[PDB]
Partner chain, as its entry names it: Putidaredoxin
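Just the one chain here, the form solved without the partner chain, laid out as structure tokens.
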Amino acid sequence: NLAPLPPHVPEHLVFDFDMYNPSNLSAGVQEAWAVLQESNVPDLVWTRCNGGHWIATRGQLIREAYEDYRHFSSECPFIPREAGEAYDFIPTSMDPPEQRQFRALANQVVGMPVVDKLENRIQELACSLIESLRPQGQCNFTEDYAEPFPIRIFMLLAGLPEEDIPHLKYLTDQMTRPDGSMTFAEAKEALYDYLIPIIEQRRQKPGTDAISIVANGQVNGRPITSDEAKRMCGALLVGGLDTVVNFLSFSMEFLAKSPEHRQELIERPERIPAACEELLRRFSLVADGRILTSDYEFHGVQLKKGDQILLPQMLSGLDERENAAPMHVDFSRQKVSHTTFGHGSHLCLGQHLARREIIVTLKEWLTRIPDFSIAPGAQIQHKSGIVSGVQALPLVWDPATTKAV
């Protein structure tokens, strides 16, 4: 539903890439985007798909525009338009130096200190979980593990009840992989009308979970209001329901067709760190944007005031000039170049936890279920969005080859 070409876009910088459904989806989801980095693709194109918008296709320009907030603002960082002008979360839809008050506060509820504390709670779900699993010879990897372990971790951290996950999940997915049952604006209010009551409770009866401390923190030098704490929370509810859980399907995905990464891991327990790093470049997955503040000429291409630019965080690490052999998985990559976690002021607050959670995951999974395969005959589907996704990942193993810890 290609938008017609704004008068100021050259016909020749036009590339019709569809970020919610790109042509080559079946190749996989990092395979479909990589088509942007092909030799017939200008560094910097426009698609008229999802309302017409720019796309930087190369690590250096993604990084660069990620660097330059005065020109490239995260006021509207979502494609489409409606979603971004809709998007208001906090710190994510701010620019320096607003952002910096609120980000520090989103950093109290999830930044390193929190992860250390949560250490054994993270350790004991990951091993509970695989153990309950390993005797069956079988799981849909998505819903058996990729979903319950980070999410339950985040409910634990947010002190939200677990009965609530299926609603919070379905609504958060409607902001990154919309079914088209509902607008973003729609998804988002509905999320807020869940939040808004808990926030109100928690400012009254102030707790030790992410929502009360966020509820009850201060910024700038005065009380955070109920309204900002609400937009403070709806980032969180997203990195916690839905970047981690997908990236997991991603990599078990991977661990499943490749004996030797599995085999190299079990006898390199300290390669796990490097491994996790490399699975971040190789299954990078987020993509969001910026809106131009002004008319601005970037790398010879006239951007105008208000135009949107997709800066796929996912691309940077996939570009053959930041890394030799982009598609090939290697564990001792001498420099894992990426922006999986973002680039700029907005560097993922949730990184340390994601990691944690990837690390333990691989250390526990390989530890008790070393050998496991794609359930057979199945072809694995991915979905494409602001957060790219795995639909379903049936896994199979001989239980004779598992280890109780």
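Residue numbers count along the first chain shown, from 1.
The same protein also exists as the form solved in complex with the partner chain; that form is not shown, yet it is the one meant from here on.
Contact assignment for the partner chain in the bound PDB entry, among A190, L156, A104, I196, heavy atom within 4.5 Å: None of the other options qualify; the answer is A104.
Option touching the partner chain, based on a heavy atom within 4.5 Å in the bound PDB entry, out of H71, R100, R81, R268: Only one listed residue qualifies here, and that residue is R100.
4.5 angstroms heavy atom contact with the partner chain in the bound PDB entry for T293: Output for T293 is no: heavy atoms all beyond 4.5 Å of the partner chain.
Any non-hydrogen atom of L347 within 4.5 angstroms of the partner chain in the bound PDB entry: Output for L347 is yes: heavy atoms within 4.5 Å of the partner chain.
Contact of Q108 with the partner chain in the bound PDB entry (heavy atom, 4.5 Å): Yes, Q108 is a contact residue.
The partner chain contact at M112 in the bound PDB entry, heavy atom, 4.5 Å: Answer yes; at least one heavy atom of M112 falls within 4.5 Å of the partner chain in the bound PDB entry.
Which of 24-32, 37-45, 350-358, 373-381 sits within 4.5 Å of the partner chain in the bound PDB entry, heavy atom basis: Among the candidates, contact is made by 350-358.
Within 4.5 Å of the partner chain in the bound PDB entry: residues from 45-80 (heavy atom criterion): Stretch hits: a single one, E67.
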